[PDB]
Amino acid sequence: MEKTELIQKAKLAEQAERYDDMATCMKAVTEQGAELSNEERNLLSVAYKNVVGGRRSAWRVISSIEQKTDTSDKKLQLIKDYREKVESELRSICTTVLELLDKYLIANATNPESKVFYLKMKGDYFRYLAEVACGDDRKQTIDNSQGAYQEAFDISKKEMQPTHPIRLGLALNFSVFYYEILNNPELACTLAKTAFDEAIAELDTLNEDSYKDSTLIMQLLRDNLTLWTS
């Protein structure tokens, strides 16, 4: 299928909440080798976030039930097996996304805003891998997540204004990485609050769409700070 038809179908699949189809479409668009538009990057991101999200939410529920299960309960191994099945699906989704990023998206990116978007995404899906990993796999996934986030952070500080929604969304997720993965709430708070404060200044220069996006992100930063400071 050609690009234009794949995008029409991806948007149709999005409206129908058929995110597997949407992800397959945007995956096909990417593997054709051409650089994605902002619209198309967003379609890819929304698609795979919804695909992986159902596994992440299921995993949290299953692991929670496993923790409350008596270690001697003869039903325990069934729970563990189901958890591992969900984990296996989640890895496959993350591997697919990360491969798309390293083989097509990151390599072919031309402007720093796109490269920040893809490096952020790489940090996100290595972070999802790290949420369910243990031992050495955990150490390596945390390391790959942090490295992607840090490079994206440095580029965004160098090339983009603090009110830019992509830099702000990077700060949002990177601060969550510090809070939940590195278990450093103090640095997580400073990362979020620094990005929030520095964005306040340049708000008088954004147009409608950018203002709505940036303000939405800033509110999420403030929500996380409220949650983490109480």
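Start at 1 and count along the sequence shown; that's the residue number. We call the rigid core the largest set of C-alpha positions that still match within 1.5 Å between the two forms.
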### Summary
Comparing 173-181 with 195-203, larger root-mean-square C-alpha distance from this form in 6 other deposited structures of this protein, core superposed, belongs to 195-203
### Task
Look at the other compared PDB entries that model both sides of residue 70, then say whether a third or more of them leave it out.
yes
### Message
Is it the case that, in at least a third of the other entries compared (those modelling both flanking residues), residue 208 has no coordinates?
### Response
yes
### Task
Decide which of the stretches 133-141 and 82-90 has the higher mean C-alpha B-factor, going by the entry.
133-141
### Message
On mean Cα temperature factor in this entry, is 22-30 or 58-66 the higher one?
### Response
22-30
### Message
Comparing recorded Cα B-factors across 106, 76, 97, 155, which one is largest?
### Response
106
## Note on the structure
Among the modelled residues of its chain, the C-alpha B-factor of residue 44 falls in the third labelled middle
### Task
Can you work out whether the C-alpha temperature factor of residue 203 puts it in the lowest, middle or highest third of the chain?
highest
### Summary
In terms of its chain's C-alpha B-factors, the third that includes residue 11 is the lowest
### Query
Among the modelled residues of its chain, does the C-alpha B-factor of residue 71 lie in the lowest, middle or highest third?
middle
### Summary
Among the modelled residues of its chain, the C-alpha B-factor of residue 189 falls in the third labelled middle
